[PDB]
>>> print(open('start.cif').read())   # mmCIF, C-alpha atoms
data_target
loop_
_atom_site.label_atom_id
_atom_site.label_comp_id
_atom_site.auth_asym_id
_atom_site.auth_seq_id
_atom_site.Cartn_x
_atom_site.Cartn_y
_atom_site.Cartn_z
CA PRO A 11 5.95 0.83 26.55
CA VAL A 12 2.80 1.06 28.69
CA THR A 13 2.74 4.86 28.29
CA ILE A 14 1.87 4.56 24.59
CA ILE A 15 -1.09 2.28 25.35
CA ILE A 16 -3.11 4.53 27.64
CA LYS A 17 -1.88 7.45 25.51
CA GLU A 18 -3.74 5.92 22.57
CA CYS A 19 -6.78 5.20 24.72
CA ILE A 20 -6.78 8.81 25.98
CA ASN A 21 -6.72 10.06 22.39
CA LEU A 22 -9.48 7.77 21.13
CA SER A 23 -11.65 8.39 24.20
CA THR A 24 -11.50 12.18 23.86
CA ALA A 25 -12.20 11.83 20.14
CA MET A 26 -15.26 9.68 20.92
CA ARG A 27 -16.51 12.16 23.53
CA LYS A 28 -16.09 15.08 21.11
CA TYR A 29 -17.86 13.22 18.30
CA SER A 30 -20.79 11.89 20.34
CA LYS A 31 -21.94 15.31 21.57
CA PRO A 71 -21.12 0.73 25.06
CA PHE A 72 -17.46 0.86 24.01
CA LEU A 73 -16.39 3.57 26.47
CA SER A 74 -17.12 1.30 29.45
CA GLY A 75 -14.64 -1.33 28.30
CA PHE A 76 -12.32 1.49 27.23
CA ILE A 77 -12.19 2.94 30.75
CA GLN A 78 -11.82 -0.64 31.99
CA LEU A 79 -8.72 -0.93 29.79
CA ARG A 80 -7.48 2.41 31.16
CA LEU A 81 -7.90 1.36 34.79
CA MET A 82 -6.47 -2.12 34.20
CA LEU A 83 -3.33 -0.82 32.47
CA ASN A 84 -2.87 2.06 34.95
CA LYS A 85 -1.56 -0.09 37.80
CA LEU A 86 1.01 -2.36 36.18
CA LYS A 87 4.57 -1.47 35.14
CA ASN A 88 5.28 -3.84 32.21
CA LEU A 89 3.05 -5.77 29.81
CA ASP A 90 4.75 -9.11 30.58
CA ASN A 91 2.38 -9.89 33.47
CA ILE A 92 -0.86 -9.96 31.45
CA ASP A 93 -2.18 -11.11 28.08
CA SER A 94 -2.18 -8.83 25.03
CA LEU A 95 -5.59 -9.76 23.60
CA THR A 96 -7.54 -7.69 26.12
CA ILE A 97 -5.46 -4.53 25.61
CA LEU A 98 -6.24 -4.59 21.88
CA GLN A 99 -9.83 -5.82 22.39
CA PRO A 100 -11.58 -2.40 22.62
CA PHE A 101 -9.80 -1.36 19.42
CA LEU A 102 -11.04 -4.59 17.83
CA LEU A 103 -14.60 -3.90 18.98
CA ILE A 104 -14.65 -0.38 17.52
CA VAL A 105 -13.02 -1.33 14.21
CA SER A 106 -15.07 -4.51 13.70
CA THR A 107 -18.58 -3.05 13.90
CA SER A 108 -20.03 -0.78 11.21
CA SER A 109 -22.26 1.57 13.25
CA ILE A 110 -19.53 4.24 13.63
CA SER A 111 -18.46 6.91 11.15
CA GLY A 112 -15.07 7.23 9.47
CA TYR A 113 -13.39 9.57 11.96
CA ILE A 114 -13.22 7.19 14.92
CA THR A 115 -12.38 4.11 12.85
CA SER A 116 -9.63 6.06 11.08
CA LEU A 117 -8.23 7.05 14.48
CA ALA A 118 -8.39 3.43 15.65
CA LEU A 119 -6.66 2.18 12.50
CA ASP A 120 -3.93 4.78 12.95
CA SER A 121 -3.66 3.51 16.52
CA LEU A 122 -3.11 -0.04 15.24
CA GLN A 123 -0.55 1.32 12.77
CA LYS A 124 1.29 2.90 15.69
CA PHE A 125 1.01 -0.40 17.59
CA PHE A 126 2.66 -2.50 14.89
CA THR A 127 5.09 0.28 13.95
CA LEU A 128 6.47 0.53 17.49
CA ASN A 129 6.46 -3.28 17.93
CA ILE A 130 5.00 -2.97 21.43
CA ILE A 131 3.12 -6.27 20.89
CA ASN A 132 6.33 -8.28 20.91
CA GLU A 133 6.74 -12.05 20.74
CA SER A 134 7.76 -12.04 24.42
CA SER A 135 4.25 -10.87 25.34
CA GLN A 136 1.73 -13.55 26.21
CA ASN A 137 -0.81 -14.68 23.60
CA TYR A 138 0.60 -12.47 20.85
CA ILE A 139 -0.43 -15.06 18.23
CA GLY A 140 -4.05 -14.78 19.33
CA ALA A 141 -3.86 -10.99 19.32
CA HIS A 142 -2.50 -10.81 15.78
CA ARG A 143 -4.99 -13.45 14.62
CA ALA A 144 -7.90 -11.48 16.08
CA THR A 145 -6.56 -8.25 14.55
CA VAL A 146 -6.41 -9.65 11.04
CA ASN A 147 -9.72 -11.51 11.49
CA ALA A 148 -11.57 -8.34 12.44
CA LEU A 149 -9.72 -6.16 9.95
CA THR A 150 -10.86 -8.08 6.86
CA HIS A 151 -14.46 -6.85 7.27
CA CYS A 152 -14.21 -3.61 5.27
CA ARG A 153 -17.14 -1.93 7.03
CA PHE A 154 -17.51 1.27 9.04
CA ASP A 162 -14.60 7.75 3.17
CA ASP A 163 -11.78 6.14 1.17
CA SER A 164 -9.04 7.00 3.68
CA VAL A 165 -9.91 4.15 6.03
CA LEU A 166 -9.67 1.60 3.20
CA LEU A 167 -6.09 2.64 2.47
CA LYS A 168 -5.31 2.62 6.19
CA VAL A 169 -6.54 -0.95 6.62
CA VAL A 170 -4.84 -2.27 3.50
CA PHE A 171 -1.55 -0.63 4.55
CA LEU A 172 -2.00 -2.31 7.93
CA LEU A 173 -2.53 -5.68 6.23
CA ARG A 174 0.64 -5.06 4.22
CA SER A 175 2.62 -4.25 7.36
CA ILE A 176 1.32 -7.33 9.19
CA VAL A 177 1.64 -9.93 6.43
CA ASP A 178 5.02 -8.67 5.21
CA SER A 179 6.40 -8.76 8.76
CA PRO A 180 7.64 -12.09 10.20
CA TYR A 181 4.79 -12.03 12.73
CA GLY A 182 2.38 -12.39 9.80
CA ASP A 183 3.72 -15.92 9.36
CA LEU A 184 1.74 -16.86 12.50
CA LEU A 185 -1.68 -16.20 10.92
CA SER A 186 -3.90 -19.17 10.08
CA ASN A 187 -4.94 -20.28 6.61
CA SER A 188 -8.54 -19.12 7.03
CA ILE A 189 -7.60 -15.59 8.14
CA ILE A 190 -5.05 -15.06 5.36
CA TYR A 191 -7.51 -16.46 2.80
CA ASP A 192 -10.08 -13.93 4.03
CA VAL A 193 -7.40 -11.24 3.73
CA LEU A 194 -6.80 -12.20 0.10
CA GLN A 195 -10.56 -12.18 -0.47
CA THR A 196 -11.00 -8.63 0.81
CA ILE A 197 -8.04 -7.17 -1.12
CA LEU A 198 -9.41 -8.93 -4.22
CA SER A 199 -12.79 -7.31 -3.59
CA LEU A 200 -11.06 -3.93 -3.28
CA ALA A 201 -9.09 -4.41 -6.50
CA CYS A 202 -12.02 -5.72 -8.55
CA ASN A 203 -14.27 -2.73 -7.86
CA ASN A 204 -14.69 0.10 -10.38
CA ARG A 205 -16.81 2.50 -8.30
CA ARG A 206 -13.93 3.14 -5.90
CA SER A 207 -11.17 5.63 -6.66
CA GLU A 208 -8.50 4.37 -9.05
CA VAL A 209 -5.60 5.39 -6.81
CA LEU A 210 -7.01 3.16 -4.08
CA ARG A 211 -7.16 0.46 -6.74
CA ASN A 212 -3.42 0.84 -7.39
CA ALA A 213 -2.84 0.66 -3.64
CA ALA A 214 -4.71 -2.65 -3.67
CA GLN A 215 -2.78 -3.80 -6.76
CA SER A 216 0.62 -3.16 -5.17
CA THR A 217 -0.22 -4.66 -1.78
CA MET A 218 -1.76 -7.70 -3.49
CA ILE A 219 1.53 -8.18 -5.36
CA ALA A 220 3.36 -7.95 -2.02
CA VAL A 221 1.23 -10.50 -0.16
CA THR A 222 1.35 -12.87 -3.14
CA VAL A 223 5.15 -12.70 -3.04
CA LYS A 224 5.13 -13.38 0.71
CA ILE A 225 2.69 -16.29 0.33
CA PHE A 226 4.47 -17.95 -2.58
CA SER A 227 7.88 -17.62 -0.92
CA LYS A 228 6.64 -20.25 1.58
CA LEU A 229 6.98 -23.20 -0.87
CA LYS A 230 10.44 -24.14 0.42
CA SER B 164 -1.52 6.66 -9.92
CA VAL B 165 2.11 7.26 -10.89
CA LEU B 166 2.60 9.47 -7.83
CA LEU B 167 1.38 6.66 -5.55
CA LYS B 168 3.48 4.08 -7.39
CA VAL B 169 6.60 6.16 -6.70
CA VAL B 170 6.04 6.33 -2.93
CA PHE B 171 5.21 2.61 -2.80
CA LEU B 172 8.48 1.97 -4.64
CA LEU B 173 10.32 4.16 -2.14
CA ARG B 174 8.73 2.19 0.70
CA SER B 175 10.01 -1.04 -0.81
CA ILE B 176 13.42 0.63 -1.18
CA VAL B 177 13.84 1.82 2.39
CA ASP B 178 12.08 -1.08 4.14
CA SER B 179 14.41 -3.59 2.48
CA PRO B 180 17.92 -4.11 3.95
CA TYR B 181 19.39 -2.49 0.81
CA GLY B 182 18.35 0.90 2.22
CA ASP B 183 21.21 0.47 4.69
CA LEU B 184 23.62 0.92 1.74
CA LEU B 185 22.25 4.37 0.82
CA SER B 186 23.78 7.85 1.11
CA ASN B 187 22.63 10.84 3.14
CA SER B 188 22.06 13.28 0.27
CA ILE B 189 19.77 11.03 -1.76
CA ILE B 190 17.77 9.84 1.25
CA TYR B 191 17.40 13.46 2.39
CA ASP B 192 16.05 14.28 -1.08
CA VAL B 193 13.67 11.33 -0.70
CA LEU B 194 12.40 12.69 2.62
CA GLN B 195 12.04 16.11 0.98
CA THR B 196 9.78 14.77 -1.77
CA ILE B 197 7.54 12.77 0.59
CA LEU B 198 7.29 15.94 2.71
CA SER B 199 6.26 17.86 -0.40
CA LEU B 200 3.61 15.22 -1.14
CA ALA B 201 2.25 15.29 2.41
CA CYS B 202 2.20 19.09 2.71
CA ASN B 203 0.15 19.55 -0.48
CA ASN B 204 -3.63 20.03 -0.28
CA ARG B 205 -4.48 20.14 -4.00
CA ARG B 206 -3.84 16.40 -4.31
CA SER B 207 -6.38 13.86 -3.09
CA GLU B 208 -6.51 13.06 0.62
CA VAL B 209 -5.93 9.35 -0.08
CA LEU B 210 -2.53 10.12 -1.62
CA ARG B 211 -1.73 12.32 1.37
CA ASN B 212 -2.56 9.39 3.65
CA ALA B 213 -0.20 7.21 1.62
CA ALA B 214 2.45 9.89 2.16
CA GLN B 215 1.73 9.85 5.90
CA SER B 216 2.13 6.07 6.09
CA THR B 217 5.40 6.00 4.15
CA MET B 218 6.72 8.90 6.24
CA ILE B 219 6.01 6.94 9.43
CA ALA B 220 7.76 3.89 7.98
CA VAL B 221 10.80 5.81 6.73
CA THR B 222 11.09 7.69 10.04
CA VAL B 223 11.16 4.38 11.89
CA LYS B 224 13.75 2.97 9.49
CA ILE B 225 16.00 6.04 9.75
CA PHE B 226 15.83 6.39 13.53
CA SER B 227 16.37 2.65 14.07
CA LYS B 228 19.97 3.16 12.90
CA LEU B 229 20.76 5.17 16.05
CA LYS B 230 20.76 1.97 18.11
#
>>> encode(input="start.cif", output="C-alpha cells")
Amino acid sequence: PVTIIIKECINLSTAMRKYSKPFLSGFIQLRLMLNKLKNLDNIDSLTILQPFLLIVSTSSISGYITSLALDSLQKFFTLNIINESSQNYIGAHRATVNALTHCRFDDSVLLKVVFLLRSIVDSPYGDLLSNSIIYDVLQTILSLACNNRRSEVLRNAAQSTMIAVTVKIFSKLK
Amino acid sequence: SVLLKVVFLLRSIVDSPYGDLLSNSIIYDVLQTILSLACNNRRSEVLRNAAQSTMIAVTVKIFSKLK
C-alpha cells in the first residue's frame, strides 16, 4: 500500500533526472515523509498527491514527465490506494480534478487525462466532487470535442467520455 | 475511429457487472484482440494508449475475481 507510493516517486524522480540532463525538493520530502510510516491511515492524503498535482498543473514541462505523472494517477485510482478510510480523501480528489481540467503541459497526454476523468467521474468517489469542479470538467471535454485541429480519434475519445459523464450526471435527478 | 469505438465498447462491457456473466473463451478472445491492438506499431500511438488503458482496466476486473 505504501510500497506503491514511493515506487511511483522513485520512477518519476529518475525520469526527471534523466530528462533534465523546484519540484524535486518536495518530491524528496514526500519520499522521506512516507519512508518512516507503515500505513497511510496516520496522515492526510492531500500531501502525498501534492507533488504529482504540482507537476501536472503547470505547463513548463514537456510531455514525457506529465505523461508519466498521469499514468501514475491512473495507477493510483486503479489500485484504489486513496480509499475512503484515508483522511481528507474528498479534498484530494477535488484537488486532482481541479488541477486536471487545465489541459496544459503530444496527443497522448490528452487521452490519458480524459481517461482519468472518465475513471474518476464514473466511480462512486466522483460523486464527492463539487459543482464548480465538475462544470470545469465538462468545459474542458467540450473544448476537446469542439476542436478540429486535433486528431479525430481523440475527438471520438472525447465524444464517448462526454456521453459517459452526461449519463452519470443526469442519473442524479432522483 | 471504429477501432477505438470497439475498445471503448469492450471497456463498458467488462467494467459493468454484466461482465461477471461472461465465459472464458470469449473473454480470452477479447484479451487477445486488445493485445493485438497494443502490440501493433503501424497504428497511431493514441490508439495504442487507449489499448493500454483498457488492458489495465480489464486486468483489474479479471484479477479482482480471485478474491
>>> closest_residue(input="start.cif", among="A:122, A:114, A:221, A:229", to="residue 27 (chain A)", atoms="all atoms listed in the file")
A:114
>>> interface_residues(input="start.cif", of="chain A", to="chain B", cutoff="8 Å", atoms="all atoms listed in the file", output="PyMOL selection string")
chain A and resi 127+163-164+167-168+171+208-210+212-213+216
>>> residues_near_point(input="start.cif", point="(12.4, 5.6, 7.3)", cutoff="10 Å", atoms="all atoms listed in the file", output="list in words")
residues 173, 174, 176, 177, 178, 182, 190, 193, 194, 217, 218, 219, 220, 221, 222, 223, 224, 225, 226, 227 and 228 of chain B
>>> resolve_selection(input="start.cif", expression="the PyMOL selection byres ((chain A and resi 17) around 12)", output="ChimeraX atom specification")
/A:11-16,18-24,79-80,83-84,121,124-125
>>> write_last_selection(input="start.cif", atoms="C-alpha atoms", output="PDB file, in the frame of the given file")
ATOM      1  CA  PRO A  11       5.950   0.830  26.550  1.00  0.00           C
ATOM      2  CA  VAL A  12       2.800   1.060  28.690  1.00  0.00           C
ATOM      3  CA  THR A  13       2.740   4.860  28.290  1.00  0.00           C
ATOM      4  CA  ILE A  14       1.870   4.560  24.590  1.00  0.00           C
ATOM      5  CA  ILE A  15      -1.090   2.280  25.350  1.00  0.00           C
ATOM      6  CA  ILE A  16      -3.110   4.530  27.640  1.00  0.00           C
ATOM      7  CA  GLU A  18      -3.740   5.920  22.570  1.00  0.00           C
ATOM      8  CA  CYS A  19      -6.780   5.200  24.720  1.00  0.00           C
ATOM      9  CA  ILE A  20      -6.780   8.810  25.980  1.00  0.00           C
ATOM     10  CA  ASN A  21      -6.720  10.060  22.390  1.00  0.00           C
ATOM     11  CA  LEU A  22      -9.480   7.770  21.130  1.00  0.00           C
ATOM     12  CA  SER A  23     -11.650   8.390  24.200  1.00  0.00           C
ATOM     13  CA  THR A  24     -11.500  12.180  23.860  1.00  0.00           C
ATOM     14  CA  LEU A  79      -8.720  -0.930  29.790  1.00  0.00           C
ATOM     15  CA  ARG A  80      -7.480   2.410  31.160  1.00  0.00           C
ATOM     16  CA  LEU A  83      -3.330  -0.820  32.470  1.00  0.00           C
ATOM     17  CA  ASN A  84      -2.870   2.060  34.950  1.00  0.00           C
ATOM     18  CA  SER A 121      -3.660   3.510  16.520  1.00  0.00           C
ATOM     19  CA  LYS A 124       1.290   2.900  15.690  1.00  0.00           C
ATOM     20  CA  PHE A 125       1.010  -0.400  17.590  1.00  0.00           C
TER      21      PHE A 125
END
>>> atom_distance(input="start.cif", atom1="CA of residue 189 (chain A)", atom2="CA of residue 225 (chain A)")
12.9 Å
>>> atom_distance(input="start.cif", atom1="CA of residue 215 (chain A)", atom2="CA of residue 146 (chain A)")
19.1 Å
>>> atom_distance(input="start.cif", atom1="CA of residue 76 (chain A)", atom2="CA of residue 151 (chain A)")
21.7 Å
>>> resolve_selection(input="start.cif", expression="the PyMOL selection byres ((chain A and resi 97) around 9)", output="list in words")
residues 15, 79, 82, 83, 93, 94, 95, 96, 98, 99, 100 and 101 of chain A
>>> closest_residue(input="start.cif", among="A:130, A:89, A:26, A:148", to="residue 117 (chain A)", atoms="only C-alpha atoms")
A:26
>>> resolve_selection(input="start.cif", expression="the PyMOL selection byres ((chain A and resi 106) around 10)", output="list in words")
residues 100, 101, 102, 103, 104, 105, 107, 108, 109, 110, 115, 145, 147, 148, 149, 150, 151, 152, 153 and 154 of chain A
>>> decode(input="start.cif", residues="region 171-203 of chain B", atoms="N, CA, C and O atoms", output="short mmCIF file (atom, residue, chain, number, x, y, z; two decimals), in the first residue's frame")
data_model
loop_
_atom_site.label_atom_id
_atom_site.label_comp_id
_atom_site.auth_asym_id
_atom_site.auth_seq_id
_atom_site.Cartn_x
_atom_site.Cartn_y
_atom_site.Cartn_z
N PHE B 171 -13.62 0.96 -26.56
CA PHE B 171 -14.45 1.66 -25.57
C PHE B 171 -15.69 0.84 -25.23
O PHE B 171 -16.10 0.76 -24.06
N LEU B 172 -16.29 0.21 -26.24
CA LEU B 172 -17.44 -0.66 -26.01
C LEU B 172 -17.05 -1.83 -25.12
O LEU B 172 -17.79 -2.21 -24.21
N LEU B 173 -15.88 -2.42 -25.37
CA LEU B 173 -15.42 -3.54 -24.56
C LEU B 173 -15.14 -3.11 -23.12
O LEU B 173 -15.35 -3.88 -22.18
N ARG B 174 -14.65 -1.88 -22.94
CA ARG B 174 -14.48 -1.34 -21.60
C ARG B 174 -15.82 -1.24 -20.88
O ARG B 174 -15.95 -1.64 -19.72
N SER B 175 -16.83 -0.71 -21.57
CA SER B 175 -18.16 -0.63 -20.95
C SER B 175 -18.74 -2.02 -20.69
O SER B 175 -19.53 -2.19 -19.76
N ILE B 176 -18.36 -3.00 -21.51
CA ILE B 176 -18.80 -4.38 -21.26
C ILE B 176 -18.21 -4.87 -19.95
O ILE B 176 -18.93 -5.22 -19.01
N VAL B 177 -16.88 -4.91 -19.87
CA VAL B 177 -16.23 -5.60 -18.77
C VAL B 177 -16.35 -4.82 -17.46
O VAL B 177 -16.42 -5.42 -16.39
N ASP B 178 -16.34 -3.49 -17.52
CA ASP B 178 -16.45 -2.70 -16.30
C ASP B 178 -17.81 -2.90 -15.63
O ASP B 178 -17.90 -2.90 -14.40
N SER B 179 -18.86 -3.08 -16.43
CA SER B 179 -20.19 -3.25 -15.88
C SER B 179 -20.28 -4.59 -15.14
O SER B 179 -19.46 -5.48 -15.37
N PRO B 180 -21.25 -4.75 -14.23
CA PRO B 180 -21.40 -6.06 -13.56
C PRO B 180 -21.74 -7.20 -14.51
O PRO B 180 -21.48 -8.36 -14.17
N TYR B 181 -22.30 -6.90 -15.68
CA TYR B 181 -22.69 -7.94 -16.63
C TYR B 181 -21.50 -8.75 -17.12
O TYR B 181 -21.67 -9.91 -17.51
N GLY B 182 -20.29 -8.18 -17.08
CA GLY B 182 -19.09 -8.93 -17.38
C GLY B 182 -18.86 -10.13 -16.48
O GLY B 182 -18.15 -11.06 -16.87
N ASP B 183 -19.44 -10.13 -15.28
CA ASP B 183 -19.38 -11.30 -14.42
C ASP B 183 -20.09 -12.51 -15.01
O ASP B 183 -19.78 -13.65 -14.63
N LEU B 184 -21.04 -12.30 -15.93
CA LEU B 184 -21.81 -13.39 -16.52
C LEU B 184 -21.14 -14.00 -17.76
O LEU B 184 -21.73 -14.87 -18.40
N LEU B 185 -19.91 -13.60 -18.07
CA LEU B 185 -19.28 -13.97 -19.33
C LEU B 185 -18.52 -15.29 -19.20
O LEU B 185 -18.27 -15.79 -18.10
N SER B 186 -18.15 -15.85 -20.35
CA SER B 186 -17.43 -17.11 -20.44
C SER B 186 -15.93 -16.88 -20.65
O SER B 186 -15.49 -15.78 -20.98
N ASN B 187 -15.16 -17.94 -20.46
CA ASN B 187 -13.71 -17.84 -20.51
C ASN B 187 -13.18 -17.75 -21.93
O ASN B 187 -12.19 -17.05 -22.19
N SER B 188 -13.81 -18.45 -22.87
CA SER B 188 -13.32 -18.44 -24.25
C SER B 188 -13.47 -17.07 -24.88
O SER B 188 -12.53 -16.54 -25.49
N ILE B 189 -14.65 -16.47 -24.74
CA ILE B 189 -14.91 -15.18 -25.38
C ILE B 189 -14.08 -14.08 -24.73
O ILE B 189 -13.55 -13.20 -25.42
N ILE B 190 -13.93 -14.10 -23.40
CA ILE B 190 -13.14 -13.06 -22.75
C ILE B 190 -11.66 -13.25 -23.07
O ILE B 190 -10.91 -12.28 -23.18
N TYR B 191 -11.21 -14.50 -23.23
CA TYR B 191 -9.83 -14.72 -23.69
C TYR B 191 -9.63 -14.18 -25.09
O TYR B 191 -8.58 -13.60 -25.40
N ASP B 192 -10.62 -14.36 -25.97
CA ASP B 192 -10.53 -13.78 -27.31
C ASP B 192 -10.50 -12.26 -27.24
O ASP B 192 -9.80 -11.60 -28.03
N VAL B 193 -11.26 -11.68 -26.30
CA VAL B 193 -11.25 -10.23 -26.10
C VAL B 193 -9.84 -9.78 -25.74
O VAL B 193 -9.29 -8.86 -26.35
N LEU B 194 -9.24 -10.44 -24.75
CA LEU B 194 -7.89 -10.09 -24.31
C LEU B 194 -6.89 -10.26 -25.45
O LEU B 194 -5.96 -9.46 -25.59
N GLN B 195 -7.10 -11.27 -26.29
CA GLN B 195 -6.24 -11.47 -27.46
C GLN B 195 -6.32 -10.28 -28.41
O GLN B 195 -5.29 -9.81 -28.90
N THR B 196 -7.53 -9.77 -28.67
CA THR B 196 -7.61 -8.66 -29.63
C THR B 196 -7.08 -7.35 -29.05
O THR B 196 -6.47 -6.57 -29.79
N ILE B 197 -7.28 -7.09 -27.75
CA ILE B 197 -6.65 -5.87 -27.21
C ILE B 197 -5.13 -6.03 -27.20
O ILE B 197 -4.41 -5.05 -27.40
N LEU B 198 -4.62 -7.24 -26.97
CA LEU B 198 -3.18 -7.46 -27.06
C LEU B 198 -2.68 -7.20 -28.48
O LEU B 198 -1.61 -6.62 -28.67
N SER B 199 -3.45 -7.64 -29.48
CA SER B 199 -3.06 -7.38 -30.86
C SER B 199 -3.06 -5.89 -31.17
O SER B 199 -2.19 -5.40 -31.89
N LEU B 200 -4.03 -5.16 -30.62
CA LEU B 200 -4.05 -3.71 -30.81
C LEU B 200 -2.85 -3.05 -30.15
O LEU B 200 -2.20 -2.17 -30.75
N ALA B 201 -2.53 -3.45 -28.92
CA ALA B 201 -1.42 -2.82 -28.20
C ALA B 201 -0.08 -3.14 -28.85
O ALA B 201 0.79 -2.26 -28.96
N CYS B 202 0.12 -4.38 -29.29
CA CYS B 202 1.40 -4.79 -29.85
C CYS B 202 1.72 -4.11 -31.17
O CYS B 202 2.90 -4.00 -31.53
N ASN B 203 0.71 -3.64 -31.91
CA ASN B 203 0.94 -3.08 -33.23
C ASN B 203 1.68 -1.76 -33.07
O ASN B 203 1.56 -1.07 -32.05
#
